[PDB]
Amino acid sequence: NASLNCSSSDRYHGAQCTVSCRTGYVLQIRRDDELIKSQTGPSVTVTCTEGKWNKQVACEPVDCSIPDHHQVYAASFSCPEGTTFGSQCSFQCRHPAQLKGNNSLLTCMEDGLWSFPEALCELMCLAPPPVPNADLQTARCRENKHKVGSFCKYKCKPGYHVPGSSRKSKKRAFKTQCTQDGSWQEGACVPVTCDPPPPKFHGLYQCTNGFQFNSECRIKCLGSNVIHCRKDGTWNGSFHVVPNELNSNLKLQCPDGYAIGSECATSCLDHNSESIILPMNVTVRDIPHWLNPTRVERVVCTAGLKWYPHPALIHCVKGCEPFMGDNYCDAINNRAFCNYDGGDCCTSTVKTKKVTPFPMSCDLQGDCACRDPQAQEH
Amino acid sequence: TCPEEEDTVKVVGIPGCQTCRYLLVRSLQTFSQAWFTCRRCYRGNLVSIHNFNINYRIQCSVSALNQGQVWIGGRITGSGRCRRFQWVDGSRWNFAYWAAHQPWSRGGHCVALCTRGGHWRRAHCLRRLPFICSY
Amino acid sequence: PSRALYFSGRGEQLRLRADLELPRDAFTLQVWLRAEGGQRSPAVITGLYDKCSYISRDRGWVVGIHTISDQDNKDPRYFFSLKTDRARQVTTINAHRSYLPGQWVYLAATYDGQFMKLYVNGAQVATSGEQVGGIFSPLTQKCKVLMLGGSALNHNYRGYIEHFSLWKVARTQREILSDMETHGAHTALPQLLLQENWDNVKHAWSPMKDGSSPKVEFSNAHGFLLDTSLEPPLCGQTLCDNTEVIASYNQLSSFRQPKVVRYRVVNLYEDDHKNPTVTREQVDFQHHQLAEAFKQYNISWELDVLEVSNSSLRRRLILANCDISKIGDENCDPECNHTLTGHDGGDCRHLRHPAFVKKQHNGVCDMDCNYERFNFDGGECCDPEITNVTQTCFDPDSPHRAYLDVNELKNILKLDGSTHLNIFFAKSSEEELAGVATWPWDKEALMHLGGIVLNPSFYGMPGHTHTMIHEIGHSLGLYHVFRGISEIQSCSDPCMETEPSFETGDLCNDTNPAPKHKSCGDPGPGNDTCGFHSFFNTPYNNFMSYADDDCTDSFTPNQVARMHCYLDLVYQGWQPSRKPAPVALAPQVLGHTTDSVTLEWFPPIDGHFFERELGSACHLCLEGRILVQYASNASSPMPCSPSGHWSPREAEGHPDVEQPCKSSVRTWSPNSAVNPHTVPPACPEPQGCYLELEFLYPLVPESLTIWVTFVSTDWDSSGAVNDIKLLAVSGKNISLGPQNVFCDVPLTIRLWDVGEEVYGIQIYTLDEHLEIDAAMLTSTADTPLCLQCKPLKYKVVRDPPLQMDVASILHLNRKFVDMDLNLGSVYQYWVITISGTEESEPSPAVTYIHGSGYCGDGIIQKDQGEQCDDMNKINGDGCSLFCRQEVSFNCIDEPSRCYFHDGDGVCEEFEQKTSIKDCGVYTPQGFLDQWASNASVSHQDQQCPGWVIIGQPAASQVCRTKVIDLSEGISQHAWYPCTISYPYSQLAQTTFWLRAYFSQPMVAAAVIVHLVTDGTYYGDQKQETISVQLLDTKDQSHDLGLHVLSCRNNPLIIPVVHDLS
């Protein structure tokens, strides 16, 4: 696959021949265990020495890349002839795509790039799946044809909201975007909590949905313990009528004794320990770094002469060190239990604008990493 | 409660203040603990830096340590809006060699010297770090 | 006329209408644009984007301004970036220099389907061949959009667009230069898709909905046919340091006329006026010795003596080279060693114990207790009731003390240094030199803080009569002779003169390189010099060297030319003779016809376009009647003390920083006013710390530039400058938005509809390390302060006699046309400057032959020394107006079109020796080069590989020097010791070795060692040496010696001298 010309007709010790390859071929000029880079110029002049050829000159077909998804989007490629020069490949559009165009073949070319596609796989967003307790607000979003990248507005019911919403600003409508793969942004009108019942009557309650919106909580036994969550988030009423199983460091001090409804202070004997309520599937040494367990302040007696924060249920775990907010990242406090050390482990939130682990040998992308989801890196 | 003999390193030979000799101790102690320790075991306070050659020789001495910080004698004594740094031995503060955005980023009330670069960083006084003293 | 759009950064942008069909295979974008200084970082002037879908985006081509270093934002250049639909990567090509923030630039990006090229001012500055094929298919032609001045992500642009032009074919460079020369309509050609005049911006362009349309103004882009700005060299500082300006002073003897210079000697007296600092005998003897020394160099000195009777100022000790902050520093300083100093507060005295014990204070002051470690006897010695203040107080924190700095002395005296060379006297304990002499290019050279500080103990002494000549040479712009060897940063400094030249070292061709020594002869071996072991023809007898005063007796004529040129340049107020400054450059031939020729010349060397009036603002006026002034009064609030309002003496005059992206002492900072002991407060959140810069003459402004020198590298927020509020004389504050800034180029703001006069600005900052170097206000075209002044006139005199009427008329403008030329005759022209009735020195003469060629004719004539010839007379291209080619440009055609060859893709035979990037390392025809393999190093780590030495060197890597930490990007190209840092290597001495093996053992004619770092620490002035030992096959070491490392010698060549026996 080349044109060769020798300036001397006679072949003798000292003659040279210039070989230049044709279009669509890449040179690989090599020697014995010597892999040199390809010459930019087409012409290479080879001279025989001692009756032998000093180098090997070859011209491979120019390797077009295996047809990527970034070449033609939403297509599957079948190339039986390969990816060499002169080869052809076919592409078939996806199931959520329409094949429009005269020819659906891509040709590998001289320069090493696949030719311009003559068929455009056009993706059309269909009707989105329904969401419970939500109504679609846009009339053109009910159709089966929609532009890709636009937003369709779904409004939740009053009392249903996106979780993480503030009390003062309760937003009851969201939007979902038609994505590139024909799907939509996921969104569920699920509220985390209507309102929390007081701890003095916790334990015997049975609700339809737990603490969720419009959940009727009843306590099995004047008035009764039956209340209904309202639109503003409040109830129409309220509930009415020695712990030897302690932890390794747990201490309880009662200012009013063991009377009904009295509140006693809880503490851990170790200075670097905090008392929390651990779930049954959450151990002591495998608490997740994204989880924020509920810290214990007081033990308050209930109507069944028991303790809402039971002392055995109370675990004194290794508490947060006081080294928070000192422009220093620590591996112990790098969790939501210790506010990710006050956000010092992320560049965008630290005050000195540079992440510095306190030990000089810590995993910067590992244990001493930035795990704050409010940071600009995440 | 005095430190060991193997961990103490004697540094002397600075072109400025060749009479004053420093001791770097790799005993990881806090500011108050190491301050009172080298007050009660030696006859001087923590190191007060007054020029650049002392800072450069101290950085050369502590650049081999695995810990990133060493202790110097700086301490912030004041409240309000305009506080004042001062050394532990009562000498005046005339030399300041800080890092980027260091004295106006809050943080700890004590002053430490970084082993990489030699610039000073505000650090918490309860951190167990190596300390430099002199007598 | 010609109209130009003004895009601002607020979001003003356009898009092309869909009727014009965008090019697919080849295109050419030509646009005259005038950028502003402060830009958004990837600013887009013109882009071809796709709005079809958000998959495989940034396809198309975009021209704009973007920084080379993305993580630092230091070097902003014009770029052209292309990514065709068939390609998998985007290729960006950039210009060769930072963009000029106030000048018209003719950008032209062409692409012919295989090569993408960028032309800046008609000279090709970048090319690439990665992108191939057409840009997009005809099927996808509907969704392609052409945005002007912006993008989808609001990458806006601040500046002027004059002549937009889009072509469906890729023009050659000659057609680019033709369209630059001919700015007319190209719509007659069918290939021209779109050329633009902004008479009707609503015809072919539609603005965005949110972003309003940019305003159309009048431009006058092609205002000048001669570029009147001549840049100094890299080692120079002013227009006088230029080679072509100093060549006229060196050649012509009419420039070195005798000049009378007025200087003032100030002696401090008490109130009784009995005790002089200097006696009248040594004053007269120094004046006689000075007039004896400078009579043969045509400089006349007029002595004035001023008697200052202040009893408090006389009792103090004036410290020349000492600092009041160095007194408390425990490092001993030689210059601060006197009785009134206290021997640096005892720090240079060995009786001072190293411990700090604060003794009890009781009664009278003690001499042993007055030291720093005794805390100045508890302040008893500085009390005025105990003893005298002027002999006992050593505490620099006290308001009244024994010693005083000269910079504090000049503030007390406040001597008008604009008319006399003030001489000051101060004591130096080291006594090896005098005080600090202010250079002519410093901002204080005409202020009250400038002059010469001398030592009165050696004043007019038979062995010390030549120090005032040395300091006067320093104050007239002469460096030391040993500047090119001893007063350099490292061995890689560009000003290290290997050979005598006008652009290196002391900027003198006569003075040979030499180190510093006290001998009156040639020195022998020296370790201070990098590569030069010996020197010959050392100027030991020169006044500027370090020889003794009896040895120094001669001035070179080049130093005389520099002194006369700096007296003409900046020192016009000192001389009582009001003769105007000459036109320092010869007149240039712009063009010739069959019956006429046209001449245009530079402005005079004074830089003033108006007559000299003492009591007005005539020195601020430019070529037009605009007024360009700097911040006369600065005021910033003291952060700790409430309503402190400290006045920065820096950040007032003309900008005077050397490294433009480095923290400096010549700049205002928000945290520089506070003491070291107090905690510097952070700036407030809604506004920030502000600088209030007041200008001397309030006027109607049109432009405002701020030289923001240093910005914070780790800067998460968007804009460093929070806002800029112009203070009007009526009391109204006119607020501008948050302005983006760059490190290198000055921030420039164009002000619209500011009818009221503005006397100052306030610059607000949320950054505490921001440094402002200067501010500059430029007024409108007609200023009432410049209407009173009368401009200079110019008279053209020919060596053949001209006509009486032609010679009689004095030209206001700098253009001359004559029709009185014969076709075969030779004419020498010159121009004399006439202010009133008095005339100046003649300009150098231009010899012109009416038949033969010249500099700007367009034909290369090698007889006149023309390496290139283009008709531009513009220094922005590759060919100068002196018709010599510029640095790293090559001009090919007979009408010289020039291209940037230093970073080009191709390698040519004339750049094999010079360039390591385009070609390989240069090996001669009788030699072969073999590179290392399987090398072993002394120190190995995980971060440093150690096997990166195998094979070809890192030719694309640049050589770094004075670098603190080598952890940026050099670990992937070259090996340095990872485990040992420079302070730890300084503490414990160790030796590193690099053992490199070779596959085929051959003879070693030379050893090529390619380095990317000199090894010089930024705090240590010592040079670094490498020792090379050849190892045999019999395992024997042959020493090749110690060699210094320089970035100039990147492939160090070590020649092996083998004995032939």
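Residues numbered from 1 in each chain as written, not as in the entry; some residues may be left out. Chains lettered and ligands numbered in written order. Part of a larger assembly, values for the part shown. Heavy atoms only, no water.

Listed as the method for this PDB entry is cryo-EM; the listed resolution is 3.64 Å.

1. Side note on the overall build of chain B
Counted only if it meets this: For the purposes of this entry, the term helix denotes a DSSP run of H or I that reaches at least four residues, the term strand denotes a run of E that reaches at least two, and both are numbered from the N terminus. Radius of gyration: C-alpha atoms only; globule rule: 2.2 Å multiplied by the number of residues to the exponent 0.38. Accessible area is worked out with a 1.4 Å probe on protein chains only. A residue is then buried under 20% of its type maximum, exposed over 50%, and partly exposed in between. The contact rule is simple, with two residues in contact once any of their heavy atoms fall within 4.5 Å.
The helix and strand inventory of chain B stands at 2 helices and 7 strands. The linear arrangement of helices and strands in chain B, starting from the amino end, is β-β-α-α-β-β-β-β-β. For 135 residues, the compact-globule estimate of 2.2 N^0.38 gives 14 Å, and chain B sits close to it at 14 Å. Each principal axis of the C-alpha distribution contributes one length, and for chain B these read about 45 × 35 × 30 Å. The buried share among the 135 residues of chain B stands at 61%. Once local pairs closer than 6 in sequence are excluded, the contacts in chain B between residues at least 24 apart make up 65%.

2. Examining the overall build of chain C
In plain terms, the rule: Reported accessibility uses the Shrake-Rupley method at a 1.4 Å probe radius. Residues are deemed covered only where the shown protein chains occlude them. Working convention for charge: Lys and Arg count positive, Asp and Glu count negative, and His plus the chain ends are omitted. Charge placement uses NZ in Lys and CZ in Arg. For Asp and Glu, CG and CD serve respectively.
A count of helices and strands for chain C gives 13 helices and 44 strands. A globule of 1061 residues ought to have a C-alpha radius of gyration of about 31 Å, and chain C, at 33 Å, matches this closely. Projected onto its principal axes, the C-alpha coordinates of chain C cover approximately 100 × 90 × 70 Å. Expressed as a percentage of the 1061 residues in chain C, the buried residues total 51%. Entry remark: accessible area of chain C is about 48900 Å², with carbon and sulfur atoms responsible for 51%. For chain C, the centre of its 79 positive side-chain charges and the centre of its 132 negative side-chain charges are spaced 6 Å apart.

3. So, the sheet that holds strand β35 (residues 826-834) of chain C
All names here are of chain C. The following threshold applies: When DSSP locates at least two bridges between a pair of strands, those strands are taken to pair. Note on geometry: axes are lines fitted to C-alpha atoms, helical ones only across the stretch in contact, with angles between N-to-C directions running from 0 to 180 degrees.
Within the open sheet, the 3 strands sit side by side as β33-β35-β36. Their pairing is antiparallel. With one partner strand each, in any of the chains shown, β33 (793-798) and β36 (846-849) form the two edges of the open sheet. If you compare each strand with its neighbour and ignore which way they point, the axes differ by 30° on average. Sheet analysis places β35 next to β36, joined by 4 bridges and oriented antiparallel. By the bridge assignment for β36, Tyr829 is matched with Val846.

4. Structural notes on the interface of chain A and chain B
Quick reminder of the rule: Values labelled buried area give the accessible surface lost by two parts on being combined, using a 1.4 Å probe and summing over both. Salt bridge criterion: a side-chain nitrogen from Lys or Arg within 4 Å of a carboxyl oxygen from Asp or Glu. Distance and chemistry together define a polar contact, namely a pair of N or O atoms within 3.5 Å, with one atom able to donate a hydrogen and the other to accept it when in protein, and with adjacent residues in sequence counting only for side-chain atoms on both sides. Ten residue types, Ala, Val, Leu, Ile, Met, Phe, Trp, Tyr, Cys and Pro, are classed as nonpolar, four, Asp, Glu, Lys and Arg, as charged, and the remainder, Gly among them, as polar.
Facing 12 residues of chain A, the contacting portion of chain B comprises 16 residues. Both sides of the chain A and chain B interface together cover about 1300 Å² of buried area, and 52% of this is carbon and sulfur. Of all residues in chain A, A:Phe323, A:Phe358 and A:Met360 bury the most surface against chain B, accounting for 41% of the area lost on that side. At the junction of chain A and chain B, the tally comes to 2 salt bridges. Where B:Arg127 meets A:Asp330, a salt bridge forms, and the shortest distance between an N and an O atom there is 3.6 Å. Across the contact surface, chain A and chain B share 5 residue pairs in polar contact. Taken together, the residues that form the side of chain A that touches chain B break down as 5 nonpolar, 4 polar and 3 charged.

5. Quick notes on the UniProt feature "binding site: Zn(2+)" in chain C
Residues and elements named next belong to chain C. The cut-off we apply is this: UniProt positions are given in the numbering used here, feature names are shortened, and annotations may be inferred rather than shown by experiment.
Under the present numbering, the feature "binding site: Zn(2+)" in UniProt falls on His470, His474 and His480. The residue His470 is located in helix α10 (residues 467-475) in this model. With respect to the secondary-structure elements, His480 resides in the loop between α10 and α11 (557-569). With relative accessibility at 9%, the residue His480 sits in the buried group. Those residues in contact with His480 that sit more than four places away from it in its chain are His470, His474, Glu487, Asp506 and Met544. Only 3.0 Å separates the side chain of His480 from the side chain of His474, close enough to count as a polar contact.

6. Some thoughts on unusual backbone geometry
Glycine aside, the phi torsion of most residues is negative, and most peptide linkages are trans. All names here are of chain C. The phi angle at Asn220 is positive, at roughly 55°, despite the residue not being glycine. Along the polypeptide, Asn220 turns up in the loop between β16 (215-218) and α3 (243-251). Taking the relative accessible area as the measure of exposure, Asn220 reaches 59% and is therefore exposed. If you check the backbone angles, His343 has positive phi at about 55° while not being a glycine. Along the chain, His343 turns up in helix α6 (residues 342-345).

7. What to know about the UniProt feature "disulfide bond" in chain B
Residue and element names in this part refer to chain B. To keep things clear, this is the line we draw: Disulfides are defined as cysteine sulfur pairs within 2.5 Å.
Per UniProt, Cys38 and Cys133 form a disulfide, and the coordinates bear that out, putting the sulfurs 2.0 Å apart. Linking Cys38 in helix α1 (residues 31-41) with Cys133 in strand β7 (residues 129-134), this pair joins segments that are 95 residues apart in sequence. For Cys38, a relative accessible area of 0% corresponds to the buried category. Relative accessible area serves as the criterion here: at 3%, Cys133 is assigned to the buried category. Formation of the UniProt-listed bridge between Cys110 and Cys125 is supported by an S-S distance of 2.0 Å, under 2.5 Å. Separated by 15 residues along the polypeptide, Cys110 in strand β5 (residues 110-114) and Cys125 in the loop between β6 (120-123) and β7 bring together distant segments of the chain. With a relative accessible area of 0%, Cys110 lands in the buried category.

8. Examining the pairing of strand β31 (residues 758-765) of chain C
Residue and element names in this part refer to chain C. Counting buried positions along β31 yields 7 of 8 residues, so the element is predominantly enclosed. Of the pairings in the sheet, the one linking strand β28 (residues 721-728) to β31 comprises 7 bridges and is antiparallel in character. When the sheet's bridge partners are listed, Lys725 is paired in β31 with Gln762.

9. A short note on the pattern of salt bridges
All names here are of chain C. Throughout the structure, instances matching the rule amount to 39 salt bridges over all chains. One salt bridge in this structure joins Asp25 and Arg24, with 3.7 Å as the shortest N-O distance. One network of salt bridges, with partners in common, ties together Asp50, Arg57, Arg59, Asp85 and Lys144.

10. Considering the packing of aromatic side chains
What counts is decided by this rule: Two rings belonging to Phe, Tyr or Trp (six-membered ring only in the last case) form a pair when the distance between their centres is within 6.5 Å. Interplanar angles under 30 degrees mark stacking, angles over 60 mark edge-to-face geometry, and anything in between is tilted. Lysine and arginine charges are scored as sitting over a ring when NZ or CZ, respectively, is within 6 Å of the ring centre and within 35 degrees of the ring normal.
Under the defined criterion, the tally for this structure stands at 55 aromatic pairs over all chains. For the pair C:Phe294 and C:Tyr297, a centre-to-centre distance of 6.4 Å together with 75° between the ring planes defines the contact as edge-to-face. The pair C:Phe294 / C:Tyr297 is uniform in exposure class, with both members buried. Seen from their ring centres, C:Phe532 and C:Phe535 are 6.2 Å apart, and the 50° between their planes marks the pair as tilted. Note on C:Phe535: relative accessible area 9%, which makes it buried. By way of ring pairs, the aromatic residues B:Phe52, B:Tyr56, B:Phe85, B:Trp87, B:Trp93, B:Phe95, B:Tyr97, B:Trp98 and B:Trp120 are connected into one cluster. Over the aromatic face of A:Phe337 sits the side chain of A:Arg295, whose NZ or CZ is 4.8 Å from the ring centroid. We note B:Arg127 situated over the ring of A:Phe358; from NZ or CZ to the ring centre the distance is 4.7 Å.

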